[PDB]
């Protein structure tokens, strides 16, 4: 897979700054969340798409990043383009994630 695992808010911020010219899809998840785990393999498969970066982030480890993107329900997928949040998908819908990524390619 090409999923990037980022473990701290500081690491996330560095990652964004290094990739201001990329389309980025971030799966915000929580360890206690069942639907997050169920969709995790589909997110892994999605990441074979080299035209975007796919990142997975634990909301308990990246509290400030989650707060920044107004994440409140799990999983939430954030699409970032040229450094800015351009879309949000709430809930474990692989179809909704595909549609959102397509919208912003």
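Residue numbers count along the first chain shown, from 1.
Look at the C-alpha B-factors of 76-84 and of 22-30. On average they run higher in 76-84. Per the PDB record, of the two stretches 7-15 and 92-100, 92-100 carries the greater mean B-factor over its C-alpha atoms.
Per the PDB record, residue ranking by Cα B-factor puts residue 38 in the middle third of the chain. For residue 64, the recorded CA temperature factor ranks within the middle third of the chain's modelled residues.
The deposited CA B-factor of residue 58 belongs to the lowest third of values across its chain.
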